[PDB]
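Quick notes on the structure that follows.
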Amino acid sequence: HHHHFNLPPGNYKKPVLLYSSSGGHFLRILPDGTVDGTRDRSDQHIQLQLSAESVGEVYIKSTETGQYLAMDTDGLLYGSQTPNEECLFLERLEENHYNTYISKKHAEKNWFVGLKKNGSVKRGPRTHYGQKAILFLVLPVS
């Protein structure tokens with residue numbers, strides 16, 4: 001109700017990479033629960049598995065550790081051992097091509113998953129429609 005409903009095609013069967021074009025980083029959920037990006041395509045912690053809750057709602061899960069991507073009350077991304085309300089994202093098509101991920105919990109604030117060119121992630125309140133960091137390509141793993 002606060003966002004459009006253009007959905008990306010494709011599916012949630014196999015593991016994927018969330019690729020950030022600006023700096024060429026892959027979204028990474030480290031074992032200690034911290035979140036960043038790396039250009040290292042062989043990094044074990046960039047392999048992710050997406051799954052649907054409702055249509056257009058997803059969990060983003062580390063295949064290596066089982067951690068769920070989540071955004072806390074202050075807008076910081078972190079890895080959660082169990083799925084909770086902070087773990088649900090609205091997955092949408094953007095600029096007719098990319099995927100964006102909006103915090104469901106904070107959807108009315110337009111808080112996005114964002115991966116900067118320097119390979120750090122954005123804090124929720126610093127993201128907004130029209131940015132580059134919020135744009136992902138979901139790549140199949142080799």
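How things are named: the first chain in the structure tokens is A, the next is B, and so on; residues count from 1 in each chain; ligands count from 1 in the order shown.
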
>> With only C-alpha atoms as the counted atoms, please give the residues lying no more than 7 Å from residue A:37, apart from itself and same-chain residues fewer than 5 positions off, as a PyMOL selection string.
In response: chain A and resi 25-28+115+119-120

> Residues at most 8 Å from residue A:56, counting only C-alpha atoms, excluding those fewer than 2 positions away in the same chain, as a list in words?
Replying inline: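 Contacts, with the query itself left out: residues 5, 7, 52, 53, 54, 58, 90, 91 and 92 of chain A.
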
Could the residues in this selection be saved with C-alpha atoms as a PDB file, in the first residue's frame?
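Output saved as out36.pdb:
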```pdb
ATOM      1  CA  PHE A   5       3.796  -3.711  -7.379  1.00  0.00           C
ATOM      2  CA  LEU A   7       7.646  -7.565  -9.745  1.00  0.00           C
ATOM      3  CA  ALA A  52       8.824 -16.032  -0.763  1.00  0.00           C
ATOM      4  CA  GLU A  53       6.424 -15.324   2.067  1.00  0.00           C
ATOM      5  CA  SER A  54       3.516 -13.486   0.445  1.00  0.00           C
ATOM      6  CA  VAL A  58      11.060 -12.362   0.481  1.00  0.00           C
ATOM      7  CA  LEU A  90       9.472  -6.162  -0.487  1.00  0.00           C
ATOM      8  CA  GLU A  91      11.211  -7.337  -3.679  1.00  0.00           C
ATOM      9  CA  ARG A  92      10.424  -5.113  -6.643  1.00  0.00           C
TER      10      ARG A  92
END
```

>> Env of residue A:134: 9 Å cut, atoms = only C-alpha atoms, seq-sep filter 6 positions within chain, self excluded. Answer as a list in words.
In response: residues 20, 99, 100, 101, 112, 113, 114, 115, 116, 122, 127 and 128 of chain A

>> Could you pull out the strand (DSSP E) residues of chain A, going by DSSP on the backbone, and write them as an NGL selection string?
In response: :A and (16-20 or 25-29 or 35-38 or 48-52 or 57-62 or 68-71 or 77-80 or 89-94 or 98-103 or 137-140)

Could you write out the selected residues, including N, CA and C atoms, as a tab-separated table (two decimals), in the first residue's frame?
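File produced: out00.tsv:
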```tsv
chain	number	residue	atom	x	y	z
A	16	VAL	N	21.69	-17.72	-5.15
A	16	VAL	CA	21.95	-16.57	-6.01
A	16	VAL	C	22.96	-15.62	-5.39
A	17	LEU	N	23.43	-14.68	-6.21
A	17	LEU	CA	24.25	-13.57	-5.74
A	17	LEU	C	23.47	-12.28	-5.92
A	18	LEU	N	23.56	-11.37	-4.95
A	18	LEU	CA	22.97	-10.04	-5.12
A	18	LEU	C	24.07	-9.08	-5.53
A	19	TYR	N	24.09	-8.72	-6.80
A	19	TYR	CA	25.20	-7.98	-7.38
A	19	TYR	C	24.92	-6.48	-7.48
A	20	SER	N	25.86	-5.69	-6.97
A	20	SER	CA	25.78	-4.23	-7.03
A	20	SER	C	26.66	-3.66	-8.15
A	25	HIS	N	30.34	-5.01	-6.29
A	25	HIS	CA	30.36	-5.84	-5.10
A	25	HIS	C	29.20	-6.82	-5.05
A	26	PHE	N	29.41	-7.95	-4.38
A	26	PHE	CA	28.33	-8.89	-4.05
A	26	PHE	C	27.94	-8.72	-2.59
A	27	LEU	N	26.65	-8.74	-2.31
A	27	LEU	CA	26.17	-8.60	-0.94
A	27	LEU	C	26.63	-9.79	-0.10
A	28	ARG	N	27.21	-9.50	1.07
A	28	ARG	CA	27.82	-10.53	1.91
A	28	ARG	C	27.30	-10.50	3.35
A	29	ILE	N	26.91	-11.66	3.87
A	29	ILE	CA	26.53	-11.76	5.28
A	29	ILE	C	27.57	-12.59	6.03
A	35	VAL	N	27.19	-7.17	7.83
A	35	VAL	CA	26.81	-7.19	6.42
A	35	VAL	C	27.64	-6.14	5.68
A	36	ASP	N	28.18	-6.54	4.53
A	36	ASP	CA	28.93	-5.62	3.69
A	36	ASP	C	28.90	-6.15	2.26
A	37	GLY	N	29.88	-5.76	1.46
A	37	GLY	CA	30.00	-6.28	0.11
A	37	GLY	C	31.43	-6.69	-0.17
A	38	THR	N	31.62	-7.60	-1.11
A	38	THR	CA	32.97	-7.95	-1.55
A	38	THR	C	32.97	-8.19	-3.04
A	48	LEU	N	23.49	-16.71	-1.50
A	48	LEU	CA	22.24	-16.41	-0.81
A	48	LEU	C	21.10	-17.22	-1.40
A	49	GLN	N	20.08	-17.46	-0.59
A	49	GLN	CA	18.89	-18.15	-1.06
A	49	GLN	C	17.68	-17.30	-0.71
A	50	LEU	N	16.91	-16.95	-1.73
A	50	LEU	CA	15.72	-16.15	-1.51
A	50	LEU	C	14.51	-17.06	-1.46
A	51	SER	N	13.55	-16.71	-0.61
A	51	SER	CA	12.31	-17.47	-0.53
A	51	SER	C	11.16	-16.51	-0.34
A	52	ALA	N	10.00	-16.89	-0.86
A	52	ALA	CA	8.82	-16.03	-0.76
A	52	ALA	C	8.03	-16.29	0.51
A	57	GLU	N	7.06	-10.62	-1.33
A	57	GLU	CA	7.77	-10.55	-0.04
A	57	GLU	C	8.81	-11.63	0.03
A	58	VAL	N	10.04	-11.31	0.43
A	58	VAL	CA	11.06	-12.36	0.48
A	58	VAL	C	11.88	-12.37	1.75
A	59	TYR	N	12.42	-13.54	2.05
A	59	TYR	CA	13.53	-13.69	2.97
A	59	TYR	C	14.78	-13.82	2.12
A	60	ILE	N	15.88	-13.28	2.61
A	60	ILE	CA	17.19	-13.40	1.98
A	60	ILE	C	18.11	-14.12	2.95
A	61	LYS	N	18.50	-15.34	2.63
A	61	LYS	CA	19.21	-16.19	3.58
A	61	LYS	C	20.59	-16.62	3.10
A	62	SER	N	21.58	-16.52	3.98
A	62	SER	CA	22.92	-17.03	3.70
A	62	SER	C	22.90	-18.56	3.62
A	68	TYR	N	19.51	-14.97	8.23
A	68	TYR	CA	18.59	-14.17	7.44
A	68	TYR	C	19.03	-12.71	7.44
A	69	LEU	N	19.05	-12.10	6.26
A	69	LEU	CA	19.26	-10.66	6.16
A	69	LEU	C	18.12	-9.94	6.87
A	70	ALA	N	18.46	-8.95	7.69
A	70	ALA	CA	17.46	-8.19	8.42
A	70	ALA	C	17.92	-6.75	8.56
A	71	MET	N	16.98	-5.85	8.79
A	71	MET	CA	17.28	-4.44	9.03
A	71	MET	C	16.68	-4.04	10.37
A	77	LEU	N	21.63	-3.05	8.53
A	77	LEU	CA	21.52	-4.45	8.11
A	77	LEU	C	22.30	-5.34	9.06
A	78	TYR	N	21.77	-6.52	9.34
A	78	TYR	CA	22.50	-7.51	10.15
A	78	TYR	C	22.04	-8.92	9.77
A	79	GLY	N	22.79	-9.94	10.19
A	79	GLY	CA	22.40	-11.33	9.96
A	79	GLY	C	21.68	-11.89	11.18
A	80	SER	N	20.47	-12.39	10.99
A	80	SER	CA	19.65	-12.91	12.09
A	80	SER	C	19.58	-14.44	12.07
A	89	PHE	N	11.47	-8.56	3.22
A	89	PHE	CA	11.71	-7.47	2.28
A	89	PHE	C	10.72	-7.48	1.13
A	90	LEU	N	10.27	-6.29	0.73
A	90	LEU	CA	9.47	-6.16	-0.49
A	90	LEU	C	10.41	-6.14	-1.70
A	91	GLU	N	10.35	-7.20	-2.50
A	91	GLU	CA	11.21	-7.34	-3.68
A	91	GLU	C	10.50	-6.79	-4.90
A	92	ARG	N	11.10	-5.80	-5.54
A	92	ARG	CA	10.42	-5.11	-6.64
A	92	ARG	C	11.33	-4.91	-7.83
A	93	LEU	N	10.73	-4.80	-9.01
A	93	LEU	CA	11.47	-4.39	-10.19
A	93	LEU	C	11.71	-2.89	-10.12
A	94	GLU	N	12.85	-2.44	-10.65
A	94	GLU	CA	13.14	-1.02	-10.66
A	94	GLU	C	13.87	-0.62	-11.93
A	98	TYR	N	16.29	-3.78	-12.73
A	98	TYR	CA	16.95	-4.19	-11.49
A	98	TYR	C	15.96	-4.71	-10.46
A	99	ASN	N	16.49	-5.34	-9.41
A	99	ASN	CA	15.71	-5.62	-8.20
A	99	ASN	C	16.04	-4.65	-7.07
A	100	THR	N	15.01	-4.20	-6.36
A	100	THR	CA	15.19	-3.50	-5.10
A	100	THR	C	14.55	-4.30	-3.98
A	101	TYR	N	15.00	-4.03	-2.76
A	101	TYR	CA	14.52	-4.72	-1.57
A	101	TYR	C	14.21	-3.70	-0.49
A	102	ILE	N	12.92	-3.56	-0.19
A	102	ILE	CA	12.48	-2.61	0.82
A	102	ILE	C	12.13	-3.32	2.11
A	103	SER	N	12.63	-2.80	3.23
A	103	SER	CA	12.27	-3.32	4.54
A	103	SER	C	10.75	-3.32	4.69
A	137	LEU	N	21.24	-6.74	-9.20
A	137	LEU	CA	21.00	-7.81	-10.15
A	137	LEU	C	21.16	-9.13	-9.41
A	138	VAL	N	20.16	-10.00	-9.53
A	138	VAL	CA	20.21	-11.30	-8.89
A	138	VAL	C	20.87	-12.27	-9.87
A	139	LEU	N	22.06	-12.75	-9.54
A	139	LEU	CA	22.78	-13.64	-10.44
A	139	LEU	C	22.74	-15.08	-9.95
A	140	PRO	N	22.45	-16.03	-10.85
A	140	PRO	CA	22.62	-17.46	-10.54
A	140	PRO	C	24.06	-17.79	-10.13
```

> By how many Å are atom CA of residue A:106 and atom CA of residue A:72 apart?
Replying inline: 9.3 Å

> Of the residues A:118, A:96, A:22, A:73, which is the one nearest to residue A:132, using only C-alpha atoms?
Replying inline: A:22

> By how many Å are atom CA of residue A:2 and atom CA of residue A:108 apart?
Replying inline: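 If I compute the distance from atom CA of residue A:2 to atom CA of residue A:108, I get 6.0 Å.
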